[PDB]
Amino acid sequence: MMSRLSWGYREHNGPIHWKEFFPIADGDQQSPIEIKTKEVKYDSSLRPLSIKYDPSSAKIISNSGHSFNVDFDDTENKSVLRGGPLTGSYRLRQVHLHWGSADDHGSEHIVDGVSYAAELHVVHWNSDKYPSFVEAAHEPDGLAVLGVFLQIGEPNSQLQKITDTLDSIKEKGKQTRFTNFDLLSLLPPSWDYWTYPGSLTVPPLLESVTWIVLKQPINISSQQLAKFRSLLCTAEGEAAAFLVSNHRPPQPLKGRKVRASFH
């Protein structure tokens, strides 16, 4: 059933039920959103984006029950996001992915009505101001998240390191060592983006995120994507259930405006 500790994406515990235990779900700065490009303005004051990523920063991949999570050594500043809308240095913490039960939709953000098959989130936190991820996640300027769309297309070799691990992390709670990960090369060639203030897209739905949603999708094949749907949302010894869909619908803008890095 729905509860604070048992949210998910199934019928009784899914997105439409999260407000029962996390009433910020219906807040003013929730994510994801629909981006209406005719109402987006270019902002010349955005600085160039800076992405410095060290493959050795990756440590572990795990099944959270809600996605896979690649966790990074966030003790140093070897892997950091700077520039764009951001003030100061945002340290890489996590990568995870959202998908739907079928290829036609599953992205979280939706651009002029267009959905993609999946969406990668790359989570960073403001280590110039805050002492930990966990503390940054409660501040409006605390987190910076890159969103990358995945469109069905020819298989993507850059996803192999991830897909090779999925059997080892089938059950919720399993983890496996995962280092030397080339994240940079899972970004599209163009880093043109939209930016707006929003939230985590899972409980606790905290309104602490500067979203940076890249316009250009990367590819994934249907065969590759289907492997993610074979992860379980359930732990060893719990009746099995598959994580066939794990995307939150867009939430209303409720007055926020979205800026473009490009014109």
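Position 1 is the first residue in the sequence shown; the rest follow in order. Whichever C-alpha set is largest while still superposing within 1.5 Å between the two forms counts as the rigid core.
Review point. Between 220 to 228 and 40 to 48, which one strays more from this form in 9 other deposited structures of this protein if you match the rigid core and compare Cα atoms?
Key: It is 40 to 48 whose C-alphas lie farther from the shown form in 9 other deposited structures of this protein.
Exercise for review: Using the B-factors recorded in the PDB entry, average over the C-alpha atoms of 31 to 39 and of 200 to 208, then report which stretch comes out higher.
Suggested key: Per the PDB record, 31 to 39.
Review point. Should the higher mean CA B-factor in the entry be assigned to 252 to 260 or to 2 to 10?
Key: The deposited B-factors put 2 to 10 ahead on the C-alpha mean.
Review point. From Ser79, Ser107, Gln158, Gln94, pick the one with the largest CA B-factor in the entry?
Key: Checking the PDB record, the top C-alpha B-factor among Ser79, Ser107, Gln158, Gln94 is at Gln158.
**Study point:** Deposited CA B-factor, highest of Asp141, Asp71, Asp192, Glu171
**Key:** So the option with the highest C-alpha B-factor is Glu171.
**Study point:** Ranked against its chain, the third holding the CA B-factor of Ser64
**Key:** Answer is middle: the recorded C-alpha B-factor places it there.
**Study point:** Chain-relative CA temperature factor third for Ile220
**Key:** CA B-factor rank for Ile220: lowest third.
Check your understanding: If you rank the chain by CA B-factor, which third does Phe133 end up in: lowest, middle or highest?
Key -> For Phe133, the deposited C-alpha B-factor lands in the highest third.
**Study point:** Record-listed C-alpha B factor of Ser45: chain third
**Key:** Tercile = highest for this residue's CA B-factor.
Practice item. Could you tell me which third, lowest, middle or highest, the C-alpha B-factor of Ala58 occupies within its chain? Key: Middle third.
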